[PDB]
Every structure is written in structure tokens, then in C-alpha cells.
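Both backbone and side-chain heavy atoms feed into the values below; hydrogens, waters and symmetry mates do not. Numbering of ligands and ligand atoms starts at 1, following listing order. Each chain gets a letter, A, B and so on, in the order its sequence line appears, and its residues count up from 1.
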Amino acid sequence: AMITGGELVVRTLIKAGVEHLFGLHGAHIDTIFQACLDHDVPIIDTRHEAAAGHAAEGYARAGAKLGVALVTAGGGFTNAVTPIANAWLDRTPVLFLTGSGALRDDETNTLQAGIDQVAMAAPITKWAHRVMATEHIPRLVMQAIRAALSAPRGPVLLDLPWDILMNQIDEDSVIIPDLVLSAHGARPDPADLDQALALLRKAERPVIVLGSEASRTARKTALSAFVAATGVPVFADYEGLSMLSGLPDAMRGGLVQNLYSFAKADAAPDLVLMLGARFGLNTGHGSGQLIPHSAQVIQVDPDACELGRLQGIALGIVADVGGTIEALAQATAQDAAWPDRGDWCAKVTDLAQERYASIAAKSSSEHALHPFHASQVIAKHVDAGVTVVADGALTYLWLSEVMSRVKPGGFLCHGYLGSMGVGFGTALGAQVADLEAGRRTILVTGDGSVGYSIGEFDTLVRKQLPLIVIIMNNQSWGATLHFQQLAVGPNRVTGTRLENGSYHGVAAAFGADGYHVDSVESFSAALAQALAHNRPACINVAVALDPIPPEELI
Amino acid sequence: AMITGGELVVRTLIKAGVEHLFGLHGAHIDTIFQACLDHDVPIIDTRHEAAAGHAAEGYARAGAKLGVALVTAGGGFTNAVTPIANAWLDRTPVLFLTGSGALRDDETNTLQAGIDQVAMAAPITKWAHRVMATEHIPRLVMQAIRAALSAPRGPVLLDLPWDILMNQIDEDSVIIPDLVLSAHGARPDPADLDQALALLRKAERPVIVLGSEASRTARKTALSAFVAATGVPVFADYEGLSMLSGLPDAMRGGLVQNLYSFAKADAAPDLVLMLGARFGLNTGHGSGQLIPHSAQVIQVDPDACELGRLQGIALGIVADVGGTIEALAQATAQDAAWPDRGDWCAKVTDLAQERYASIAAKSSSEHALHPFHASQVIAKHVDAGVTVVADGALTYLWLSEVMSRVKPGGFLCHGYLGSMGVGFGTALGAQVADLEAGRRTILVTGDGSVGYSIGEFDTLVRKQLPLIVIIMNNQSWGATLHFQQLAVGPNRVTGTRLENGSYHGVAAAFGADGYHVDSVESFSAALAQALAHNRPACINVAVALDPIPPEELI
Amino acid sequence: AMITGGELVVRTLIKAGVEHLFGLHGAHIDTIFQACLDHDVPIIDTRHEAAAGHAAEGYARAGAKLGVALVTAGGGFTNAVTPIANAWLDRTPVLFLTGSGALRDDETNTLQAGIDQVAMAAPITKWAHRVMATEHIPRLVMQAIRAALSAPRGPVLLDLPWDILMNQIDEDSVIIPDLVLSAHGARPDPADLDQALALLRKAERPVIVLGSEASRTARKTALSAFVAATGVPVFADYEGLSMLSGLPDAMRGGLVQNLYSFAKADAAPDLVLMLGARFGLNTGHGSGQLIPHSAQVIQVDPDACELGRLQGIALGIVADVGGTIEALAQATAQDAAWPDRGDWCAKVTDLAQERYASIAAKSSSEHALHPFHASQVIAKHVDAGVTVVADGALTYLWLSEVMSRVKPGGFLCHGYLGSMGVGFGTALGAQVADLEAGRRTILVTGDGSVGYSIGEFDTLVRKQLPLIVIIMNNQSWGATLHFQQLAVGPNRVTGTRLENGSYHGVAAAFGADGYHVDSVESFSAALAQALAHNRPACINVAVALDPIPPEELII
Ligand SMILES: Cc1ncc(C[n+]2csc(CCOP(=O)(O)OP(=O)(O)O)c2C)c(N)n1
Ligand SMILES: Cc1ncc(C[n+]2csc(CCOP(=O)(O)OP(=O)(O)O)c2C)c(N)n1
Ligand SMILES: Cc1ncc(C[n+]2csc(CCOP(=O)(O)OP(=O)(O)O)c2C)c(N)n1
């Protein structure tokens with residue numbers, strides 16, 4: 001009945017409800033591997049701690065739950081920092097467990113010791129802390145979990161010294177707490193809710209914009225009730241998109257980028273209800289290009305700093321986005337009637353169709369496969385049964401154009417960090433989450449980005465994870481090459497070409513199914529075949545580089 | 001119409017509703033002084049930045065509003081770090097504005113430059129940031145204010161480089177935003193509130209315990225309604241104490257320390273509703289000595305990490321404490337009649353009286369004025385018209401014993417930092433806030449502690465702030481001297497005696513009224529006279545050192 | 001005559017003498033790419049910022065010069081953190097140039113912004129700083145270089161906001177400073193030098209142990225003179241090893257690990273002169289197993305905190321190691337003849353031979369190629385014309401056993417960070433530095449470790465860098481699997497097997513020459529052929545997992 005600190009870690013994780021970890025082995029953290037082995041808790045071990053970190057993010061994002069990453073001292077930790085930073089800006093709930101030097105061997109210039117891992121993580125975590133006593137493990141693990149899961153969600157680092165984990169203590173001398181933290185988020189004051197609803201009622205052209213916090217709490221039933229009662233069209237940033245999948249067509253505004261053309265059509269929203277969507281990269285900053293300067297804005301966010309960050313707002317509410325959605329659905333259920341918004345919804349629909357049609361008209365695959373056409377081939381397969389993860393740059397910009405009319409089970413794109421290459425790990429973790437949900441994961445990445453984590457084909461094969469990796473291959477770091485041509489000059493391309501390498505050949509050498517395609521017909525065939533089998537796959541798609549996606553042209 | 005960065009700062013503060021600043025002049029921040037002069041906004045300039053920072057804290061705490069501290073580059077900032085740390089652990093909303101080296105003169109080994117002020121403040125602030133452009137000033141000032149005022153309240157550092165402040169910009173090119181942040185805090189989900197009230201109704205011996213977040217939002221009307229509807233007795237840590245002042249005697253449990261004697265009297269609460277009271281120093285940590293292990297605990301806090309930090313809880317709600325109190329009042333205004341709690345309330349009263357009488361029985365001023373007797377002299381004058389600020393150590397431990405019986409308008413004691421000396425600046429700021437409240441501030445401090453900021457008698461006189469400073473003088477750093485005697489040995493006193501100096505003489509040399517007293521009669525007379533006139537005063541009170549306050553043992 | 005901040009960066013690097021950068025493109029740093037293009041300064045662009053950072057390290061280490069890494073905002077920077085940490089612990093002079101968010105767009109929740117990159121680098125750099133004005137670029141780049149190159153060498157982070165780099169200023173409005181920093185480091189006070197030499201003279205069994213700072217300054221001629229005058233045997237940690245390559249065999253003690261068997265031989269050194277070798281992982285910590293507790297220790301290091309960190313010393317000197325070697329050479333060029341130390345040098349030689357022979361006697365390739373035998377195949381090709389880079393774990397522990405008797409041009413192994421995977425980028429950078437020297441780079445890595453940076457086969461092919469990557473393949477994360485079996489139990493292997501994948505196939509799919517081998521004969525043939533051509537290669541070597549290397553046995 002003596003147990004290790006690592007055993008305490010795992011017992012606390014199990015009690016919290018954790019069922020998977022992502023990681024890479026080291027002696028420093030072996031006690032956690034041994035405890036997981038004993039308790040039949042899978043640790044999905046990758047070929048790089050970065051991929052493990054991103055997998056924990058992908059698992060969290062796809063499954064709307066806590067992701068758990070597990071890395072060893074020193075380079076284990078430093079290899080996980082891009083995931084930490086990505087989860088930080090994305091508001092993704094990930095518990096990063098890292099080993100560190102033994103406290104008893106402090107300042108001995110020893111193996112993997114001497115990196116101030118807590119200091120390195122401090123700027124990019126909700127909380128980061130080094131455990132000082134084995135007996136503290138359960139309470140501090142649970143504290144870390146509460147930090148990560150609470151609004152706004154985000155990453156936490158718990159640093160566990162080798163001696164602290166190896167230490168044995170009497171199991172009856174320490175209690176393993178429950179996770180006692182309400183599942184229901186805090187909601188607005190009724191006066192604020194009444195004011196928001198009065199504004200929503202009076203608007204001529206109201207819209208809702210969902211952000212990541214909407215996705216984390218995933219109150220889709222309540223969202224549907226609210227949206228059905230009010231008839232208000234709903235848009236979302238990338239992270240919020242999959243929250244629109246259960247909504248009636250007339251109310252699906254799609255990606256918030258679609259608001260761009262509304263002003264020119266004399267149709268700019270006069271009221272915007274932002275639910276966890278920040279003023280920033282995905283919402284046009286303070287430009288007024290998507291969220292009009294002439295609109296009254298009601299913003300709901302758990303972080304007061306965000307409220308009107310870049311633009312004057314009418315009503316700033318600090319509350320949980322999920323809780324607020326519940327409250328709005330509760331309020332509008334008591335309502336006899338809401339203004340008819342058929343005409344406005346139709347306008348929203350028509351404007352989306354006009355964008356899509358315009359792109360379709362301009363796109364030609366006469367000489368090489370057009371990125372828009374390649375994106376459409378994927379779109380035909382996207383529904384509730386699929387999670388789409390997007391990496392690259394031009395690649396996701398083109399892909400985004402087909403994403404609003406489909407209803408993905410999940411959609412995981414770059415956030416503010418825009419870190420090329422994070423998608424592979426992200427998609428691998430998403431696929432683990434998706435297994436329980438009966439979903440198939442498709443990664444859509446660029447030829448540049450896939451190189452970051454290309455070893456993970458080995459992991460797919462060892463773990464029999466049926467991730468489909470589609471590489472949009474334009475023989476370049478594409479968006480950066482576009483930048484050079486457009487911002488500097490046509491003869492100023494340097495350091496951005498990638499005219500080498502058979503990626504499907506690399507996949508095949510790792511035991512995954514490899515395909516190379518270069519047309520709508522060949523791509524359609526390959527994708528259909530890949531989807532028909534429960535096997536990991538790489539589809540290398542030769543695509544044109546020259547086309548400029550609308551988001552880039554903007 | 002060209003205006004300075006400093007003018008932008010002050011326009012934004014005014015628009016936010018700021019009416020006072022505390023600080024100490026430097027050239028680096030002169031543009032802010034000049035703008036305040038133009039706009040008739042007082043800056044209360046102290047003799048030490050630490051006193052200024054603590055004054056901003058006291059103003060925030062006594063006034064339930066934002067405090068603003070203003071300090072210059074380098075030593076101005078480093079002199080403010082004890083206030084920042086105190087505000088951090090006390091959850092006190094203070095905006096610290098600091099000057100810093102000019103960006104254009106970066107890395108020139110120049111005057112007051114080269115201190116990474118934001119890095120130093122990062123571990124002890126909700127947000128710390130250095131402004132990069134004059135045009136960003138209004139949006140970042142307002143962002144900082146939203147960070148400080150949001151639940152849980154806390155300090156923010158906004159660092160304003162000299163060139164950023166001196167730069168002039170067209171006033172028409174930058175908008176000064178409003179403070180658009182709901183005054184109403186987020187509330188619990190009704191399911192959680194229902195469960196909490198169901199538990200409260202079934203309990204045989206329920207208690208409520210208030211913490212600092214309750215004092216920050218000051219929802220007194222709602223608290224009264226809730227308490228009258230349920231008949232449940234209410235306790236508080238030091239920071240929540242003044243929130244009990246408007247309650248009927250039967251439901252005033254007073255300081256949470258009074259729960260100590262309940263288990264031995266077979267009267268331990270079976271339910272504890274913690275409203276912003278954390279598990280920690282003031283609540284008995286996880287010992288169960290105040291919050292029984294056998295009790296079911298409902299905990300409400302804006303920080304999920306705090307929920308069941310040191311002890312298992314039954315229900316953990318993340319919400320604003322003020323919003324929650326409003327929600328509870330609203331719910332209990334509409335539900336059935338609540339069970340009578342007269343007998344339990346009388347038990348609470350009797351146990352408090354038994355404690356007070358026991359101390360009274362033991363306390364003798366035969367040979368020297370006893371600290372309990374001195375405390376009673378003060379208590380005679382405490383009501384809504386008074387703010388009591390407490391510093392020293394033995395001094396506040398004795399004072400705490402008389403505080404539950406009285407109903408102070410404000411009570412500001414040490415929090416977790418326990419930093420001797422913070423009281424003087426705190427009380428000076430409190431007196432400023434108390435002007436518009438029609439309150440008189442009394443600082444009760446130790447002879448050791450008063451030395452930290454003794455030059456502030458000058459500030460009281462220059463600004464005509466009628467603070468009464470009562471020095472409980474036991475010619476020692478008292479609690480520390482007791483530590484040496486009790487934990488080490490009677491012959492082991494070293495570095496703790498202070499058998500020198502006429503504090504009243506020091507005050508008089510700064511132009512404040514000085515008194516030296518040594519008995520109940522002489523002390524009563526001096527305090528009565530000091531209270532009769534709106535003049536700053538120092539009352540140097542000779543008190544016994546040997547008596548051990550109940551809390552010291554515990 | 002208006003030029004960008006990025007042009008100022010590049011003009012300053014050029015004036016300092018930088019001839020290569022390693023990096024990965026981003027728009028945030030394009031102005032630096034464009035300026036390098038104009039000036040014909042190569043940027044070796046990799047498939048991961050980590051590989052670019054490790055390449056800059058390898059270039060610095062192999063080249064004994066400044067390495068420069070160039071990365072974009074946000075994820076560009078965060079992907080470079082492992083290189084920064086590695087350089088930090090290894091005392092390697094690398095200037096990490098990173099983009100960051102524009103100052104004018106501060107706090108706008110925009111692309112790649114919002115990471116406090118300086119705060120993240122602070123605990124693992126000599127200096128980290130974000131540039132506040134375009135006019136400050138030349139003086140702060142040069143200041144950064146002076147920080148990296150000064151003793152003890154280490155990594156510096158210079159963070160260059162996008163607007164600061166794109167901003168254009170009059171090229172004549174700012175001076176580009178020269179690099180004015182003495183090449184000759186500070187030396188000991190003569191009293192301290194005299195005391196050290198008096199102890200060295202009186203000692204019965206003196207040894208010298210070199211550390212990384214000896215490699216950075218590479219005072220080979222002075223070292224040769226000093227060692228010839230005194231006849232004292234010289235050992236080194238991994239990073240100091242190539243500094244022994246120009247010494248006579250008699251005075252080459254080799255890797256400091258060899259000191260382990262000396263006490264049982266009644267031959268423990270009575271004096272140890274530590275020249276930038278710290279007390280720590282490579283020197284036996286404070287255990288006295290290599291540096292005896294009974295020895296008088298003279299320690300010379302540019303960081304006073306290192307001096308007797310873990311063990312009492314007799315004389316603690318803060319000075320540059322190169323400057324100290326020059327001082328020692330100067331002193332011993334004008335003093336009395338030194339005691340003959342032939343018998344002691346012979347004992348050193350005998351004990352090394354006993355270790356090697358013992359390993360050889362125990363090693364069998366009957367059923368699978370033994371790691372010691374695979375290591376011997378490599379050693380046959382190691383001389384001044386070769387840089388050996390070592391990664392993996394059991395892989396380098398075995399490799400270490402053959403490295404003392406050969407004289408490598410370069411030897412770059414794991415330092416204190418022990419970060420599996422850093423070797424590929426390191427070797428790629430080393431191969432760039434080795435070009436001008438006519439040296440060939442060989443990476444000896446594990447099947448586990450190679451996976452970290454395997455996309456760099458692409459870079460080798462795109463840049464025609466003839467790096468030979470040797471994968472010691474035991475189908476596992478080997479040392480960690482041994483840990484599980486030895487420290488936990490034979491039935492407790494979890495998360496450590498890697499029984500999948502054709503690494504030579506991966507290399508081939510990137511266009512590199514691939515070989516798969518499983519015997520002394522096959523491996524010898526593949527290596528000979530790969531060395532005969534100036535082509536990148538991958539040699540996948542099937543080796544046994546079960547053998548325990550002496551360094552693990554000791555542990
Ligand atoms: C970690 C990281 N490194 C560099 C960049 C700079 N960058 C932006 S887009 C881009 C090109 C991505 O190329 P690819 O993955 O092939 O997608 P494509 O644009 O060609 O579709 C690069 C290198 C970045 N955003 N993140
Ligand atoms: C800034 C700071 N310095 C030192 C201490 C240690 N300390 C705790 S109690 C105490 C004695 C305070 O003496 P006094 O203010 O005269 O109050 P007394 O206990 O005598 O009533 C000291 C020095 C502290 N808590 N904070
Ligand atoms: C970045 C990093 N991750 C994990 C570890 C833990 N670790 C130590 S040795 C080892 C095995 C290395 O395997 P391989 O590269 O194949 O070399 P081998 O020991 O099998 O020769 C691992 C994973 C580490 N030291 N660094």
C-alpha cells in the first residue's frame with residue numbers, strides 16, 4: 001500500500017475522468033507510464049513531444065474535453081512549447097505534465113536538469129507550477145485541471161520533479177479529490193440578458209458570431225433552441241464553425257469572413273452578438289470590415305480585457321459563453337414571438353452563394369489542379385461523421401471557401417499563433433477522440449507544413465489510427481512565396497520553393513497507404529478509396545501555386 | 001488640439017470615472033501630473049511610492065472602487081512592488097501606472113532605465129504590459145481597468161515609456177473609449193443555485209462565510225434580503241467583515257475565527273456556504289478547525305483553482321460573489337418560508353460572548369495597559385461612521401477580539417502577505433475615500449510597523465487628511481519576540497526589541513497632533529479628543545508586551 | 001538610400017564576419033531574406049525551425065565560430081526553443097534572430113503576436129532583448145554577438161518586431177559598428193599561474209581535463225607547446241575531445257570517462273587541472289569517481305559559480321580557457337625542464353587499452369550486429385578529415401568507447417540537456433561549416449532519435465549537403481527500454497518499442513541514398529561507398545538491443 005508519486009498522478013487523472021494521454025517516454029516520467037499500464041489507461045506515444053502536445057490539443061478540441069500531454073525533463077518539455085503556445089492563444093484546455101530534475105539533485109549540472117521550465121511556460125499558460133512534495137500531487141493535479149477547464153479555457157503546466165514522482169508514500173495518507181467544479185458556466189445578470197434580447201429584437205439585420213468558448217462548452221441543443229426561436233443568422237470563426245452544424249440552413253451564416261461583402265451590398269449588420277469571438281485576427285481586428293463600426297455590438301466573454309478590445313461596444317458582459325447560450329435559450333423559450341427574419345436570412349444565404357459562385361466561375365483546372373477544385377472534392381465528403389483539420393496556409397485559405405456550406409462534425413484550423421505544422425499532431429489526437437464518437441478525421445495540410453511532423457506516419461501505423469493526411473502540394477511554402485511576389489516583387493522569390501520529395505513515398509516507408517494524384521478525377525478516386533478503409537493514408541495532391549485565394553486578395 | 005500621451009492617460013481615467021490618484025512625482029510622468037492639474041483631478045503625493053501604492057489599495061478597499069497609483073521609472077516602480085504584491089494576494093483592484101525608460105533611448109545605460117518592470121510585476125499582477133505607441137494609450141488604459149475590476153479583482157501594471165507619454169498626437173486621431181463593462185457580476189446556473197438552497201434549507205447548523213469579493217461589489221441590500229429570508233448566520237474573514245455591518249445582530253457571526261470553539265461545544269456547522277472566502281490563512285487552511293471536515297461545503301469563487309483547494313467540497317460554483325448574492329436574494333424572495341433558525345443563531349451569539357468574556361476575565365491592566373483593554377477603548381467608537389485599518393501583529397490579533405461585536409463602516413487588516421507597515425499608506429488612502437463617505441479613518445498599528453512609513457505624518461498635514469494613527473507601543477517587534485520566547489527560548493530574544501524613540505514626538509515634528517498615553521482613562525481621553533477634531537493625530541499608547549492573544553496560540 | 005531594418009541586420013552580420021545563416025522563411029523576417037539575397041549570404045532553409053537552430057549550433061561547434069539562426073514570429077520562435085536550451089547548457093555561441101509582432105499593432109490579437117518571446121528565452125540565454133527602434137539594430141546586433149562570443153559562450157535572442165524590420169531609414173543615419181572585441185581572452189594572474197604550475201610540477205600523477213570552452217577558442221598550437229613541455233596526459237569531456245587530436249598519443253588520455261578504472265588500479269590522479277570542464281554530468285558530478293576526492297583540483301572557468309561547484313578545490317581561477325592555455329604555454333616555454341612522465345602516460349595508455357580489450361572480449365555479433373562492432377566499423381574512418389556527430393542514447397554510449405583511440409576533426413555529442421533528436425540539425429550545420437575545411441560529416445544516431453527531424457533528408461538533398469546519417473536501429477527507444485527492464489522489471493516495457501518503419505526508405509523518398517545493413521561486412525561496405533561519394537546518405541544499421549554499454553553498467 002506504498003505507492004509512487006507517479007501512481008498518485010494517474011489515480012487523480014482517472015478520478016477526474018481522463019481516459020487518454022499523449023506523450024513520449026523518459027525515465028523521469030516512467031512512474032506515470034507504469035501506473036497507466038497497471039490501470040489500462042492508453043498513452044499514445046508519438047515520434048516528437050510536439051506532436052504529442054498537439055495531439056492533446058486535438059483531442060481536447062475534437063472531443064470538447066481536457067487534453068493531457070506527458071513529457072520528460074529538459075528537451076521533453078522544450079519540445080512541447082509550441083503546443084503550449086498554440087493552446088494558449090487558442091484557449092484550449094490542455095494539462096501539460098512534465099518531468100524535471102530531482103529536487104535532491106538541484107544545481108549539480110546533471111542530465112536534463114537546469115531548465116527553468118515553469119518560467120518558460122509562465123507567459124503562455126493559465127497556470128504553471130513545480131510540485132514540491134509527493135503528498136501535494138493529487139490536490140495540485142486537480143487544481144491544474146480546474147484551471148485548464150474553467151473559462152476561458154487554456155493550457156496549464158504541472159512540473160513534477162523526478163524524486164517527487166519516484167517517492168513512495170502510504171496510499172491511505174493522502175486523499176484523491178473528486179473533480180468538483182460545476183459543469184454549468186456562470187450566466188449574465190438578468191438585466192444584461194434582457195437588454196441584449198431587447199436589442200436583438202429591435203435590430204433590422206442582427207447576426208451572432210461564435211468563437212472558441214462556444215465550442216468548448218458545446219451547448220448545441222440550447223443554441224438550436226435560441227436560434228430557432230429568434231431566426232437570427234449565426235456566423236463563426238474557424239474554431240466556432242462546427243457549432244453551426246446542427247442549425248437550420250436559413251440560420252447558417254457560416255464563417256465570419258463571409259461578412260466582408262455585406263457593406264458593399266448595403267446590408268451590413270446593425271447588431272452583432274459576439275459569443276466568445278474576440279476582436280482580432282479572425283474577426284477583422286478593429287477594421288469594421290466584418291463587424292461594422294455602425295453596428296451596435298453586444299459582446300460576451302469570460303475575460304473582461306477582451307470586451308471592446310479594438311472597437312466600441314454597446315454592452316459588455318463577463319460570463320461563460322455556454323452559460324449565456326443556456327440563459328438565452330431559456331429566455332426565448334418564454335417568448336410568444338420573435339420578429340420574422342426570413343428576408344434577412346435569405347440575404348445572408350444569397351451573399352454566401354454569390355461569393356462561392358464567383359470563386360467557382362474564376363477557378364480553372366485546365367493546366368493543373370486548382371486549389372478550389374481540390375477543396376470541393378473534400379467538401380463532398382464532409383458531414384457530421386467527419387472532423388476536418390486544416391494546416392498549411394494557402395491550403396486552408398482555399399479550403400475555408402467550401403467549409404461554410406458543409407456541416408462538419410469538427411473543424412480544427414490554425415488560430416492566432418498560425419504555426420505551420422501543428423496540424424499533424426492535432427489531427428492524430430482528434431482521431432483518437434473521434435473513435436469514441438464514430439467520426440473519421442481528415443487532415444488537409446500543405447507540402448511545407450507536413451514536413452514538420454512527417455515521422456507521425458509511424459505513429460498512425462503503430463497505433464492503427466486511420467487518419468487520412470491530404471497534402472496540397474504546390475512545391476513551395478506557398479503563402480510566403482506569394483508574399484515575396486506580391487509585397488516585394490516577382491524576381492524576389494527566395495527560401496520558399498520546395499521542389500523535392502515524395503511525401504506519399506515517405507508515408508509508404510512508414511507503412512501507411514500512399515497515393516499521388518493530380519486531377520479532380522484521380523483525387524476523387526483516391527479519397528473515396530481512403531475513406532472506404534479503416535487505414536491511415538497519405539494522399540499527395542499536385543495543385544497549382546499561382547491562384548490567389550479571396551482571403552489573400554482581401 | 002495636439003495633446004501628449006500623458007493627456008491621453010488622464011482623459012481615459014476621467015472617462016472611466018477615476019476621481020483621485022496617489023503617487024510621487026517624477027519627470028518621466030510629469031505629463032500625467034500636468035493633465036491632472038488641467039482637469040482638476042487631485043494627485044495625493046506621498047513621501048514614498050510604497051505609501052502611494054498602499055494608499056491606492058486603501059482607497060480601493062474602503063471605497064469599493066478602483067485605486068490608481070502613479071509612479072516614475074526605475075526606483076519609482078521598484079518602491080511600489082510591496083503594494084502590488086499586497087494587492088495581488090488581497091484581490092484588490094489597483095491600476096499601477098509606472099513611467100519607464102524612453103523606447104528611443106533603449107539600452108543606453110541611462111537614468112532610471114534598464115529595469116524589466118513588467119517582468120518584475122508579472123508574478124504579482126492580473127496583467128502587466130508596456131505601451132509601445134502613444135495611440136494605444138486610451139485602449140490599453142481601459143483594458144487594464146477592465147482587468148483590474150473583473151472577478152477576482154486584482155492589481156494591474158501599465159508601464160508607460162517616457163517618450164510614449166511626451167509624444168504629441170492629434171486629439172482627433174484617437175478615440176477615448178467608454179468603460180463598457182457590466183456592473184453586474186455573472187451568476188450561478190439556476191440548477192447550481194437550486195442545489196445550494198436545497199442544502200441550505202435541509203441543514204441543521206448552516207453558516208455563511210464572506211470573503212473579499214463580497215466587499216468589492218458591496219451587494220448589501222441583496223445580502224440583507226437573503227439573510228432575512230433564510231435566518232442563516234454570517235461570518236467573514238477580515239476583508240468581508242464590514243459587509244456584516246448592516247445585518248441584524250442575530251445573524252452576525254462576526255469574524256470567521258469565532259468558529260474555532262464550535263466543535264468542542266458539539267456545535268460544528270453541518271453546512272458552510274463560502275462566498276469568495278478562500279481556503280487559506282484566514283479560514284484555517286485545510287485543518288477543519290473553522291470549516292469542519294464533517295460539514296458539506298458549497299463554495300462560490302470567480303477562480304476555479306480555489307474551489308476545494310485544501311478540502312473536499314460538495315458544490316463548486318464559478319461565479320461573481322456579488323452576482324451570486326443577488327441571485328440568492330432573488331430566489332429567496334420567491335420561494336417558501338424558511339425554517340426558523342433562532343436557536344442556532346443564539347448558539348452562535350453565546351459562543352462569541354463566551355470567547356469575549358473569557359478574554360475579559362483574563363485581562364488585567366494592573367501594572368500596564370493590557371492590549372485587550374486598549375482594543376475595547378477603540379471599539380467604543382466603532383460604527384458606520386468609522387473605517388478601522390489594522391497593522392502590527394499582536395496589535396491586530398488583540399484588536400480582532402473586539403471587532404465582531406461592533407459594526408464598522410470599513411475594516412482593513414493584513415491579508416495573506418502579512419507585510420508589516422502597509423497600514424499607514426493604506427489608512428491615508430482610505431481616509432481620502434472616506435471623505436465622500438462621511439467616515440473617519442483610524443489606523444491601529446504597532447510601534448514597529450509605524451516606522452515603515454512614518455514620514456507620511458508629513459503627508460497627512462500637507463493634505464489635511466484627518467487620519468488618527470494609534471500606535472500600540474510594546475517597545476518591540478512583538479509577535480516576533482513572542483516567537484523567539486515560545487518557539488526557541490526565554491533567553492533567545494534577539495533583533496526584536498525596540499526600546500527607543502518618541503513616535504508622538506515624530507508626528508508633532510511633522511505638524512500632527514501628538515499624544516502619549518498609558519491607561520484606559522488617558523487613552524480614552526486622547527481618542528475622544530482626537531475624534532472631536534478634523535485634524536491628523538498620533539496617539540502613542542504604552543501597552544503590555546507579555547499577554548498572548550488567543551489567535552497567537554491557535 | 002532608404003533601407004529596411006532587415007537590411008541593417010544583414011549589413012551588421014556581414015561586418016561581424018557572418019557567412020551563413022540557418023532558418024525557415026516567414027513574411028515577418030522577409031526583409032532579412034531579401035538582404036541576404038542581395039549580399040549573396042546563404043540562408044540554409046530547413047524543414048523545421050528546430051533543425052535550423054540545431055544547425056546553427058552545429059556550425060558554431062564544428063566551426064569554432066558564431067552560429068546564426070533566423071526564425072519568424074510566434075511558432076517560428078517557439079519551434080527554436082530546444083536549440084536555445086541545448087546551446088545554453090552546452091555553452092554554444094548562437095545568435096537567435098526572431099521576428100515578432102509589430103509594435104504598432106500591439107495587443108490586437110493578430111497573427112503570430114502575443115507570445116512574450118524574450119520572457120520565454122530569458123532563463124536559457126546569456127541575453128534576450130526585443131528591439132524598440134530601427135536605428136538601434138546595428139548596435140544591438142553587435143552587442144548580441146559580443147554577448148554570445150564572450151566567455152563562457154552561449155546563446156542570445158534578439159527579437160525584431162515586424163514593423164521595426166520593415167521600417168525604412170536613411171542608411172547614413174546610423175553607423176554599422178565593427179566587431180571590436182579582443183580575440184584573446186583574459187588570463188590568470190601570474191601568482192595564480194605560478195601556483196598552478198608549481199602544483200603541476202610536484203604532482204606524481206597529474207592530468208588535464210578540457211571542456212567546451214577549450215573547443216570554442218581552439219588554441220591548438222599553445223596546447224601542443226604546453227603539453228609537450230610538461231608531458232602531462234590530457235583528457236576531455238565529449239565537447240573537448242577534438243582538442244586532443246593534435247596531441248601525441250602518449251599524452252592523449254581521451255574521454256574523461258576513462259578515469260573511472262584508475263582508483264582500483266591504485267592509479268587515481270593526485271592533481272587534476274580542469275580547463276572549462278565543469279563539475280557535472282560528464283565529470284562524475286561530485287562522486288569523485290573520475291576526479292578523485294583525494295586529488296588537488298585546479299579549476300579554471302570563466303564563471304566563478306562553477307569553481308568547486310560540487311567538490312572542494314585547491315585553486316579556483318576565473319579566466320578564459322583559451323587565454324589560460326596561451327598563458328600556460330608562455331610560462332612553460334621559459335621555465336626549467338619538467339619531470340619525465342613516460343611511466344604515468346604509459347599507465348594511462350594501458351588502462352584505456354584494458355577497457356577497450358575487455359569490451360572487445362565480451363562483444364559478439366553471432367546472432368545480430370553488436371553495437372560495439374558497429375562502432376568499430378565507423379572508427380576505422382575517423383580522422384582529422386571527419387566530424388562525428390552523435391545522437392541516440394545507447395548508440396552514443398557505445399560509440400564513446402571507440403572515440404578515444406581515434407583523432408576526430410570534430411566530435412559533437414549530447415551535452416547536459418540530453419535531448420534526443422538534436423543531432424540531425426546539428427550535423428547538417430556541422431556539414432556546412434566543414435565544407436570550407438574539406439571535412440566530411442557523419443551523424444551516428446538512434447532509430448528513435450532520427451524520427452524527430454527526419455524531414456531534413458529533404459534539406460540535405462535540396463542543398464546537396466553530403467551528410468552521412470548512420471541509424472543504429474535497435475527498433476526501440478533503447479536506453480529508456482533498458483531503464484524499464486533494469487530499474488522496474490523485465491515485464492514492464494511500455495511505450496519504448498519502435499518495431500516499425502523503413503528509415504532508408506524515408507531517406508530515399510526524399511532523394512537521398514539509402515542503405516540497409518545488418519553485419520560488419522554489409523555495414524563496412526555501405527559506409528565505404530557512402531564516403532566515396534559526395535552525396536547525402538542514410539545507412540540503416542540493424543543492431544542488437546540487449547547489450548549493456550559500460551557507461552550504463554556503471555550507472
Ligand atoms: C512555424 C512557422 N514557421 C514559418 C511560418 C511562416 N509561414 C507562413 S505561411 C508559410 C507557408 C506554408 O506552406 P505550406 O504548408 O506548404 O502551405 P501553402 O501556403 O503552400 O498552401 C510559412 C512558412 C509560420 N507561419 N509558422
Ligand atoms: C515586511 C515585514 N517584515 C517583517 C515581518 C516579520 N514580522 C511579523 S510580526 C512582526 C512584528 C511587528 O511588530 P509591531 O508592528 O510593533 O506589532 P506587535 O506585534 O508588536 O503588536 C514582524 C517584524 C513581516 N511580517 N513583514
Ligand atoms: C527530447 C527527449 N525526449 C525523450 C527523452 C528520453 N530518452 C532518453 S534515451 C531515450 C531513447 C533514445 O532512443 P534512440 O534514439 O533510438 O537511441 P538508443 O538508446 O536506442 O540507441 C529517450 C526517449 C530524452 N532524453 N529527450
For this session: Step through it carefully: locate the ring centre of B:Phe424, locate the ring centre of B:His54, and say whether they are under 6.0 Å apart.
Result: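 No; B:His54 has its ring centre 6.0 Å or more from that of B:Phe424.
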
For this session: Kindly state whether the ring of A:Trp162 and the ring of A:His28 have centres lying under 6.0 angstrom apart.
Result: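 Between A:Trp162 and A:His28, the centre distance is under 6.0 Å.
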
Exercise. Name the one of C:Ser476, C:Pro549, C:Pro371, C:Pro547 that satisfies side-chain contact (heavy atoms from CB on, under 4.5 Å) with C:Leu394?
Worked result: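 When C:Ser476, C:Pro549, C:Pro371, C:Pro547 are each tested with C:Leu394, the side-chain contact (heavy atoms from CB on, under 4.5 Å) holds only for C:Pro549.
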
For this session: With sequence neighbours left out, write down each residue that passes salt bridge (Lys or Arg N to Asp or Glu O under 4.0 Å) with B:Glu552, or none if nothing qualifies.
Result: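 Partners of B:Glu552 under the salt bridge (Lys or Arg N to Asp or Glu O under 4.0 Å) test: none.
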
Problem set entry | Set of residues that line ligand 1, where lining means a heavy atom lies under 4.0 Å from it |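 Within 4.0 Å of ligand 1, the protein residues are A:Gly392, A:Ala393, A:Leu394, A:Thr395, A:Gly418, A:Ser419, A:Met420, A:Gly446, A:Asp447, A:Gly448, A:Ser449, A:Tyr452, A:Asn474, A:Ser476, A:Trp477, A:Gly478, A:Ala479, A:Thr480, C:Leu24, C:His25, C:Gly26, C:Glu49, C:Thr72, C:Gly75, C:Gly76, C:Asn79, C:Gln112.
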
Exercise. Partners of C:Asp458 by side chain to side chain donor-acceptor pair (under 3.5 Å), sequence neighbours excluded?
Worked result: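 Side chain to side chain donor-acceptor pair (under 3.5 Å) list for C:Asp458, sorted by chain: A:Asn500, C:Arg47, C:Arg462.
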
For this session: For C:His482, check side chain to side chain donor-acceptor pair (under 3.5 Å) against everything at least two apart and list the hits.
Result: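 Checked C:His482 against side chain to side chain donor-acceptor pair (under 3.5 Å); matches are C:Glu552.
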
